[PDB]
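Considered here are two forms of the same protein chain, supplied as structure tokens in two stand-alone entries, structure 1 and structure 2.
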Structure 1
């Protein structure tokens, strides 16, 4: 009874062409209608394959809009491009002027950093005296900042690096004066020895900028000694680097609860100028593995701080440097799992005899250190261009990210004449800046500032200061949100539309053909 169930479905079915086929009395008509039915079915299959695979492309969609939701005020990190304190630097210079032999100066100071610095430099003095004409490029690299940040305890450097009370003259946020002890957080950087992060504290002494953050910073180097001859002062310079010799402040504007990286991000402000940073907040939201790539955690990190792609990329570079050169770059984060790995610039291998002789062994050790540095730098420059290596580190963009488009601007802060007189008075008579250093531990700095910043030379002295203004220019955030382009619901709708357009079947008609198949089973 195949024919039986066949004609039954035929006469009562809701499907379109099959009926005429089943009830076609004319032979040529049966041929025509079978042809039409199968052609339509074939085209339906074509379009269904197309749409099904388009959905399987797990495509992506994006929208952009301005929204009134306010972002949290950004964290502002300020670094003085000069790493060491002015009094410390002048002390070093004057010690070397009194006696140029570092070995003799190890016991001429009670300051811990000075003793460590002289001890470290003494290991290289004979080599420098004997071979500087033959290998100047070597000694210029050995005597760089990063070497000292890699070989001296950061807790010892912090006593000689720029101090907060000697760096931030004044600070204001949201119409109130900052509490520097509670709002500024110190952190150590291999190049910018001491850096400070401002974390906003909303109002619970009313003065200052009402709609943002403003501070006056001591950033110039005018009070350093001006020698008659070029003299070598290790640990101040960084040979052949982009941020070398510069004077001013390095400013990084970044979301709160994120680690800054001043050596490869941020903005620069020269001394004597007032900088205005117009912050235009931006927010990006991203979708997960199937529809895209994003991460809410650092694959290399402990997960304590908010995720930024820079962290993953830098830790990946450190991973590859350690793998290739057998040492870690001091200018990159230390991998948490590998605290035992030595920095590439480490020099604990040097014998004590190198403080007294320029022997070949000391020279060979010097060149081996130079070669380690070369290895690390070569890998740093090469690896970013190696897409295989970078993809192996799984550094996907953050799933929820706040970005800041900053509009830069400069003006000359202390104006000539009466306006500048008022500025000078505000600093030195009301805030009484130079009396901060009237202590047992900073008497020399007090005398230096007293002689330097005196009234008669304010027009020149004041140009060592810089002012920063950071404010949110637009109250409305530019949001940019990803989304799935082709939902399961849209898939179902479009497959149904195609099904109706090509064969006329509906899901109830699907149950109908299922009934026919079950009827054939029962037969």
Structure 2
């Protein structure tokens, strides 16, 4: 009864072609309707192929718009490009001017950093005296800032690096004066040594003064108080030989989201002394989608999770991972991995015997060359690894799923104007704020005398050039939001499938139930 059951189906069915094929009277009609059904089916299959290819490509939809929801004021990190304090530097210079032998200077000072510095330098003095004309580049590499950073306790370096009270003259945010010991947080950078991060404090203060729409500060950044030697002398720990930031004067300014670690060596802006820098912030917000549509992460694979995630940190720790894997040591210019901490710096030199303080023996020279080779290994890995897409993709570093970013307008003006307004600025710094009297203390008197001589009223036109002002403000209150979204949802897929199926063949799922009922009836044939 196959023909009879198919005829019963054709009598009561909603399919468009099958009843005409089954009930066809002419054989030509049957052929025509079979061809019509096959053409409709093939066209439907092709259109579904394209539709499902689009769906399983998992496209993304991106909107760019300005929104009124405000961002919090960004964290501002300021680093003086000079690593050490001016009085400490002058003391070191004068100490070498009275005795050029660093060994004899170990016990000449009660400052901890000076003793450590003299002891570290003394390990290299005979080598420098005997081989500076044969290996100048080696000694320039080894007397860099980063070797002292790697080999002296940062809590000892912090006693000689730039101090907050001697760096920030004035600070204003949201119409009130800053509380320096409350709002500035000190952190150590292997190249800049002491750096300070400002965290905004909203009005609760009675000190109603300053910029209302942003942050402004006056910074002592020049080096004009330092002694001018009549001939060139080696002062180790000051110059990062042939680094792109080496021997520069000014302030390094980093604008970054609040609870994030800054990386002043590879991000931020430069400000020269004697200038006023305006930073016009345009805030941005990027929202991203997960694995099938893209890649984004909410946490750093290498971190402990205390920081707010930034891709830069992940990439830097990936670089450190590969450096540690290849050279067997860590670079001071990158974070140390929170996994292991028994890893030594590549620039470590505690291996040096104390006899190298007295003799320029071949063993000391070989150790010097080995340290140079370790530095070269680290530098080679740093230069090569970021071009290697396999290694970089193996670290699973993906952009944050909800990222706040800033576009900064940058411009400069000569801050202390010649003439009367410069007089007013000088009186504000030294008459009202009384900048020098911060150093009228038993432990800082020498610096007090230095600043009293340098910043006297007569020499103001030249001496005020050592200051720089930063003016950081939000230019546009609205945030430019870039949001990812899935372009082709499952509902859109279902609707398009319905459209295609209605256009070509006219099937509905209730009609697929017709064919299922026919199949069960054939099972009962």
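If you superpose the two forms and keep the largest set of C-alpha atoms that fall within 1.5 Å, you have the rigid core. Residue numbers count along the first chain shown, from 1.
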- Give the C-alpha shift of residue 408 between the two structures, in Å, after superposing the two forms on their rigid core. 0.3
- Message: After superposing on the rigid core, what is the C-alpha displacement of residue 13 between the two structures, in Å?
- Response: 1.6
- After aligning on the rigid core, report the distance the C-alpha of residue 507 travels between the two structures, in angstrom. 2.1
